[PDB]
Amino acid sequence: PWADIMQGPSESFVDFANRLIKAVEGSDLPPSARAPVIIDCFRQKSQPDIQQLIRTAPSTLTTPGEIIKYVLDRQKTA
Amino acid sequence: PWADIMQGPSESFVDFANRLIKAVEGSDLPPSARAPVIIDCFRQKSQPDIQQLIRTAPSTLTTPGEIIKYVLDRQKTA
Amino acid sequence: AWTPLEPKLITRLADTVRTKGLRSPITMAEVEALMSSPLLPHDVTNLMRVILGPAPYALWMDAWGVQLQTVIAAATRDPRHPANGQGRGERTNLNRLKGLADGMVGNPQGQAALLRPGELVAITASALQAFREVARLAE
Amino acid sequence: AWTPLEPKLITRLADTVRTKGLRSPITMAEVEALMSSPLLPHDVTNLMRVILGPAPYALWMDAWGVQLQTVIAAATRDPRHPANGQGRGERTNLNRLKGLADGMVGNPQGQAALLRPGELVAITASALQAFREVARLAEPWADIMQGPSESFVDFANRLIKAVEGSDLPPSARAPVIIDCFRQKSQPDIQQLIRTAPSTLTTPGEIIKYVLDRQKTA
Amino acid sequence: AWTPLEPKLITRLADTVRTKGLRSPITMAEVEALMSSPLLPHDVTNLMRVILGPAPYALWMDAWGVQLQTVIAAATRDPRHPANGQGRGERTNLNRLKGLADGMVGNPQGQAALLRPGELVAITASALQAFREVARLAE
Amino acid sequence: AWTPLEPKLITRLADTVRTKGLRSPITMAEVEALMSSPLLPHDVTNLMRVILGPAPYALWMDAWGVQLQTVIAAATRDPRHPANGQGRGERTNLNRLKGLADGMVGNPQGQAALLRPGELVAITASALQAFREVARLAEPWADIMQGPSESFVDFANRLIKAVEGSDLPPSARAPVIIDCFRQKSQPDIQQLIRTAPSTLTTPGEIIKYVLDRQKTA
Amino acid sequence: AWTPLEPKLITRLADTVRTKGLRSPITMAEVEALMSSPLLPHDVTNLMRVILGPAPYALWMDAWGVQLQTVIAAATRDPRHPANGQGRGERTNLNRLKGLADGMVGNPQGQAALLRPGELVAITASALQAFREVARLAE
Amino acid sequence: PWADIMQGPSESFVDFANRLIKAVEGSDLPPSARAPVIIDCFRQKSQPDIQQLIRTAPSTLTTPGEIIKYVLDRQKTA
Amino acid sequence: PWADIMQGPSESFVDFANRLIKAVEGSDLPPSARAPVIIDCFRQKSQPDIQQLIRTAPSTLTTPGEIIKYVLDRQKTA
Amino acid sequence: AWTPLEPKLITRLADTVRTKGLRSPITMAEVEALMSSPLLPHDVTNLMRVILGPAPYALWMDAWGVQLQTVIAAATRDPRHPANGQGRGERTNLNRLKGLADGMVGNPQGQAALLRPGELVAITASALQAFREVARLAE
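Residue numbers (PDB author numbering), protein chains in the order written: chain A, 152 to 229; chain I, 152 to 229; chain J, 10 to 148; chain B, 10 to 148, 152 to 229; chain C, 10 to 148; chain E, 10 to 148, 152 to 229; chain F, 10 to 148; chain D, 152 to 229; chain G, 152 to 229; chain H, 10 to 148.
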């Protein structure tokens, strides 16, 4: 179930994005509703450090690929 | 007095913007000097979290409405 | 002939926006109610000046301009717009939509004189969509 | 006539990407191998769908679009593009490059029919550059020190790996590797390189010299 | 027309170099096997990039350059080199041997177009001798 | 007619070299100032004899000879040198450049008589480059870390100093300074630079950003 | 003919910047004094290299580039710039302003030869504005 | 006196070279005998670490400037 | 036996070279194989100080006499 | 006609070199004595083979070659060398100086036949200088 996917405390972001995109594209949603759902799940899941990282984006991110690129650039190396 | 308006530690940003725009438009300034003053007061007042949020704007904000929209988008939900 | 909206209805709508907010379905219903007859740019501009605060009013001016620009792009994409005419001399400029054209600036009577009913309904629909955008954005 | 790539080769390449990663030189060599003949947008799209995960695939779609847009800007900047023609009726739109044009959406046969060989090679080079970008993005040289117990060949391997797999220009890797050999590589080897009667102007020469005169221990 | 070497053979050769080392007679036999057809500078360069580590690859680049320079000295010492021509306009520069000449940098197709078979076999023999030197040097 | 340089200016320059050193930018600016008009070999030789100590003077004589030899190789590689002439009888020998030719040894007047303006400017540029070499030689960036208690502007000053006063090419200093800001500069500032919503592509921009958003303490 | 600035004046200005700081009105007056005659890019570059520390010098290089870019935008917006000419062959590129053009890199004499007086005064005003920005930014 | 100059245990090499070249050039030697004397004094003075550093020079150093450059390159940083 | 000759810990280098050249020239090797053997025995015998001294030779030594001269020049006086 | 040096004198000189060393003034005087008449390459080579040990003999071969090369450079720098002739057909190659030329290898009689007196004295002076160098180098 896509709506139950959370980014674990120790999980990296690319694994979380892979799992989420997999569960959203392999589901019962229409094809035209996958990108907005993936974006809004990146924003509300993806534990509050990345949540604030996406929130304070000086540019407007309108695509899952752009969000992934931005987060991978500005992520907290740890 | 517009030049004495600060955003309180607990005040939201829309209330501060309302108060500031009210005091600036209901003052003795010429009509052509209100927008630059409102912008430069958004930048120097509006306690340092929002100050840094406006400073690190990848786009150039040249209107009080655009600044308000940007800050409302990327504000720290709390 | 131009007739202004009642300040009593405008005061009631302003208090509705003040207590219920911008996004409540009752507020949108009230706005649709006061958006029933096609309004002149003067009417909608003063209405939004009164019911909205300063910052929402700035946002609404921006959104209204953007929506009117989309309308004018569709109008130059189709010469059969109810605001347009058949010849090129009736093409509608944004100065005529925003009430900035000649013979209209600050004068609602002249505004009502030169404007088309299609112009009025397009302006009204644009203002309603802009209000919806700003309401979704403010909260 | 369109012929698909072997699913056996694609499965082997997918397992290579799965074990070695996206950035290994063997993986890039394998991709160059399967990128030998000019592929149709359908082929490259399905290939990246199979070998890449979901998030790298999104990144790759983005990068491929950007590179194709740069190509189309260069094409409108020069009417002699091998994808273009002489008249204005042969100008190539991004719908024709991404396979979105009329008569191409979902049909590889029609795709192969209408596409030009210059179009195919441009699409292929764009996809290769996009793959390189995403591989460099999906996965620090100035923090590398030679450990007290580490040998010198291991330190050199680690340093050259981290310097060549980084964001430096190609013309800045050798001087950086040399100056990192000189300042890292704990003070015994530092003094060994400092007191070199000859001038060492290449990482290979420095490695050879140090391996010759190193303190056997 | 340029055809790349199989990544399966290259992977097997890389694992051979990884387990047996650089100097084992089986490894040299395998290299001689994959060095059978005359390779373009692109092929040999990528092959050594994949099978050799970073430091042996640097050493091999050095040794390959030195051996190619000896070849070019012998070529300017004899105008009948299978890489050279009869006139002075076919003299082969090191930019053409290392693949750095015009129309060759990064493009294997153009490389295969402009290169001579004598050029290819000379490059190949030079690369083999350089590999032997580096293997004798590494261990 | 030959006019000597003022001993007052030479004394001031000598004291500048004595207090600031050979490599300070103020010293190089002063040398460029006193290197404005084309000097005769006698002038530059006596100038370096006075301002430099014995060992730096020996080093400078060596470097000046090497640079003049490179100049003479370029001159025999091009008969259109402003020091050369069109015929072979105007070819310039190193005895004429170093002031050792006939009619010049020890006599500045005869020197100024026979020398060409192109000869003078070539000698002057050679001497300036030799001075730069010796200054870089007479007195490690990859070992610089920001201390736990050190401020960021001090760390940036130290790092930029050590990177610009090193053996790197001029086109490799900015990327190295950036990548050293990112990997050194203890993990608080590392994370501050990492989470930059904008892309910082210049050391000045990175310094400005960090100074804006730094943790006041 | 190029004449360098006195190292005595430069030393005094450097000590002024060292004791009074970058933002004092006396320091800005001294900079305006040493910014009186139109300087070549070499002069201003070496001056800022000597009087400013490493980090302020980086900031100043950035700011100078930005201001010169604004100048070049205004120049392409008006073909009557005192740095420009009437034909298109006199258009001034940033390589010519920053001293990076052909015949100018590292040579102040050639610089003074090819540069225009309008070019010099524009470079000088740009450098002064950049110094003001960096001084306001540093403290 | 030039023949009494030794490099002190704590003295740097450039100071020793300066002192030695000063005392040799400001002495009663002919001009054609200063360079060989300076070289042979670099080799026999200049305490045994630098003595061995000059001795094991793969190249032949035939000038005081070249010796100074070599020693400054390969000296023991301390 | 030439292949059993080592330079003793206290032995000088000229004595070791004399002994080695004697044993190599007074042996059963062909005349054309004595110089390479003498060189390679200088390199592998001749205890590791001289081994490293010969290894770090900026020039290529291709004759026993040249190796002997180089080592005698740069040897550690003791 | 070639006459060999007395083995008695050679034995006495060898014992002198054995007891006094290579650098004693008495040893150099004795060498000058046995270096009085111009010797053929065979004579000097065998003399140094007998009086010098193996390692000094290698050093002496090196030094003799270097000095002979300097002599041949001076000879190609002056066509009036007592070893040279006027035409180009008498130019003296190092094979003729070291005794390696045709008709000379191993045969002292043929050597004495083809060699010039200037050749002999040049070879002798070269050998003496080489002996001096090696003696100064050995101890």
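For each residue, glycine too, the CB sits at the ideal point set by N, CA and C.
Exposure label - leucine 18/F; buried when at least 16 CB within 10 Å
Numbered from its first residue, the seventh sequence carries residue 18/F at position 9. So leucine 18/F ends up on the exposed side.
Report the neighbours of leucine 223/D on chain E: residues whose CB is nearer than 8 angstroms to its CB, in chain order.
Residue 223/D sits at position 72 when you count from the first residue of the eighth sequence. The contacting residues are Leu146, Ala147.
By Cβ distance, which residues of its chain are closer than 8 angstroms to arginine 58/F, with the 5 residues on each side in sequence left out?
In the seventh sequence, counting from the first residue as 1, residue 58/F sits at position 49. Around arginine 58/F: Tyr66.
Run through the region 49 to 86 of chain B for me and flag every whole alpha helix (DSSP H) of 4 or more residues, listed as ranges in chain order.
50 to 60, 63 to 85
Using a Cβ-Cβ cutoff of less than 8 angstroms, which residues in the same chain neighbour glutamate 176/B once the five nearest sequence positions on both sides are dropped?
Looking up residue 176/B in the fourth sequence gives position 164. Here the set comprises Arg185.
Would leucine 129/B and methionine 113/B be called neighbours here (beta carbons separated by less than 8 angstroms)?
Here the question's residue 129/B lines up with position 120 in the fourth sequence. Here the question's residue 113/B lines up with position 104 in the fourth sequence. Cβ atoms of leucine 129/B and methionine 113/B: not closer than 8 angstroms.
is_contact[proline 63/B, chain A] using C-beta, thresh 8 angstroms:
What you label residue 63/B is simply residue 54 of the fourth sequence in a count that begins at 1. True, the Cβ-Cβ gap to chain A drops below 8 angstroms.
What residues from chain B crowd round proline 181/E, counting only those whose CB sits closer than 9 angstroms?
Along the sixth sequence, one-based indexing puts residue 181/E at 169. Under the 9 angstroms cutoff, chain B gives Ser183, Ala184, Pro187.
Quick one: is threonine 207/E near chain F, going by C-beta distance under 8 angstroms?
Stepping through the sixth sequence from its first residue, residue 207/E is reached at position 195. Chain F contact via Cβ: absent.
Using a C-beta cutoff of 8 angstroms, does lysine 107/F count as contacting chain E?
As a working note, residue 107/F is residue 98 in the seventh sequence. Not one chain E Cβ lies under 8 angstroms of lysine 107/F.
Kindly indicate the opening and closing residues of the alpha helix (DSSP H) around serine 135/C.
Translated into positions along the fifth sequence, residue 135/C becomes position 126. Start and end: 126 to 147.
Do you know how far the Cα of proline 47/H is from the Cα of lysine 29/H?
Here residue 29/H refers to the residue found at position 20 of the tenth sequence. Here residue 47/H refers to the residue found at position 38 of the tenth sequence. Taking the straight line joining both Cα atoms gives about 25 angstroms.
What are the boundary residues of the alpha helix (DSSP H) that includes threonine 36/H?
As a working mapping, residue 36/H is identified with position 27 in the tenth sequence. First-last of the alpha helix (DSSP H) with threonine 36/H: 34 to 43.
Member of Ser210/G, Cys192/G, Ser197/G whose CA lies at the smallest distance from the CA of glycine 159/G:
Stepping through the ninth sequence from its first residue, residue 159/G is reached at position 8. It is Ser197/G.
Can you tell me whether DSSP reads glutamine 195/D as helix, strand or coil?
By one-based count along the eighth sequence, residue 195/D stands at place 44. Helix.
Please list the partners that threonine 214/D has in chain E, where partner means a Cβ-to-Cβ separation under 8 angstroms.
Start at 1 with the first residue of the eighth sequence, and residue 214/D comes out as number 63. The answer, in chain order, is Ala67, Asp71.
Enumerate in chain order the residues of its own chain whose CB-to-CB distance from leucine 180/B is below 6 angstroms, with the five nearest sequence positions on each side excluded.
Numbered from its first residue, the fourth sequence carries residue 180/B at position 168. If we look at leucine 180/B and ignore the five residues flanking it on each side, it has no Cβ neighbours.
When you compare the CB positions of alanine 136/E and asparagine 55/F, do they come within less than 8 angstroms of one another, or not?
Position 127 of the sixth sequence, counted from the first residue, corresponds to residue 136/E. Position 46 of the seventh sequence, counted from the first residue, corresponds to residue 55/F. No, the pair does not count as a contact, with Cβ atoms beyond the cut-off.
Does the Cβ of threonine 101/E have 16 or more other Cβ atoms within 10 Å, making it buried, or fewer, making it exposed?
Numbered from its first residue, the sixth sequence carries residue 101/E at position 92. Result: buried.
If you draw a straight line from the C-alpha of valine 26/H to the C-alpha of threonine 20/H, how long is it?
On the tenth sequence, position 17 is the one that residue 26/H refers to. On the tenth sequence, position 11 is the one that residue 20/H refers to. If you take the alpha carbons of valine 26/H and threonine 20/H, they lie about 10 angstroms apart.
Relative to the C-alpha of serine 45/H, which candidate in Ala144/H, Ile132/H, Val143/H, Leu146/H has its C-alpha closest?
Numbered from its first residue, the tenth sequence carries residue 45/H at position 36. The option with the nearest alpha carbon to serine 45/H is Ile132/H.
Tell me which residue opens and which closes the alpha helix (DSSP H) that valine 114/E is part of.
Here residue 114/E refers to the residue found at position 105 of the sixth sequence. Note, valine 114/E: premise wrong, no alpha helix (DSSP H); not H, not E.
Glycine 216/D in three-state terms, based on DSSP
Looking up residue 216/D in the eighth sequence gives position 65. Note: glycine 216/D maps to helix in three-state DSSP.
Count the other CB atoms, across all protein chains shown, that sit within 10 Å of the CB of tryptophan 11/H; report buried if there are 16 or more and exposed otherwise.
Numbered from its first residue, the tenth sequence carries residue 11/H at position 2. Exposed, by the Cβ-count rule.
Have a look at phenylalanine 140/B and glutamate 41/J and give me their C-alpha separation to the nearest angstrom.
What you label residue 140/B is simply residue 131 of the fourth sequence in a count that begins at 1. What you label residue 41/J is simply residue 32 of the third sequence in a count that begins at 1. The straight-line gap from Cα to Cα measures roughly 52 angstroms.
Would you say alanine 168/A lies against chain B (beta-carbon separation less than 8 angstroms)?
As a first step, residue 168/A must be located in the first sequence, where it is residue number 17. Yes - at least one Cβ of chain B is within 8 angstroms of the one on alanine 168/A.
If you draw a straight line from the alpha carbon of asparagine 169/E to that of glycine 62/F, how long is it in whole angstroms?
Counted from its first residue, the sixth sequence places residue 169/E at position 157. Counted from its first residue, the seventh sequence places residue 62/F at position 53. Approximately 7 angstroms between the Cα atoms of the pair.
Test item: CB-CB of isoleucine 201/E and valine 222/E under 8 angstroms
Walking along the sixth sequence from the start, residue 201/E turns up at place 189. Walking along the sixth sequence from the start, residue 222/E turns up at place 210. Cβ distance < 8 angstroms, so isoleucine 201/E and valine 222/E count as in contact.
So with CB distances below 7 angstroms, who are the chain B contacts of residue 150/E?
Gap in chain E between 148 and 152; residue 150/E lies inside it and carries no coordinates.
Indicate the three-state DSSP secondary structure (helix, strand or coil) for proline 152/B in the structure shown.
Indexing the fourth sequence from 1 puts residue 152/B at position 140. Note: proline 152/B maps to coil in three-state DSSP.
Within its chain, find whatever has a CB closer than 6 angstroms to the CB of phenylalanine 193/G; leave out the 5 residues flanking it on each side and keep chain order.
For the purposes of this step, residue 193/G is taken as the residue at position 42 of the ninth sequence. The answer, listed in chain order, is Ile218.
What residue from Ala23/J, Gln138/J, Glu148/J has the CA that sits closest to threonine 79/J's CA?
For the purposes of this step, residue 79/J is taken as the residue at position 70 of the third sequence. Among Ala23/J, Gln138/J, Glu148/J, the Cα nearest to that of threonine 79/J belongs to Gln138/J.
Here's a check: name, in chain order, each residue in its chain whose Cβ is nearer than 7 angstroms to the Cβ of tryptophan 73/J, leaving out the five neighbours to either side.
Start at 1 with the first residue of the third sequence, and residue 73/J comes out as number 64. Cβ neighbours of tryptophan 73/J beyond the five flanking positions: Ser135, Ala136, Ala139.
Residue range of the alpha helix (DSSP H) that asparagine 104/F falls in?
For the purposes of this step, residue 104/F is identified with residue 95 of the seventh sequence, where counting begins at 1. 103 to 106 is the span of the alpha helix (DSSP H), which, as asked, contains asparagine 104/F.
Give me the chain D residues within the contact set of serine 210/B, using Cβ-Cβ distance strictly less than 9 angstroms, ordered along the chain.
Locating residue 210/B in the fourth sequence gives position 198, where the first residue counts as 1. Those within 9 angstroms of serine 210/B in chain D are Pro209, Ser210.
Give the residues of chain B in contact with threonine 20/C, contact being defined as C-beta atoms less than 7 angstroms apart.
Within the fifth sequence, residue 20/C is the residue found at index 11, counting from 1. Result: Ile35.
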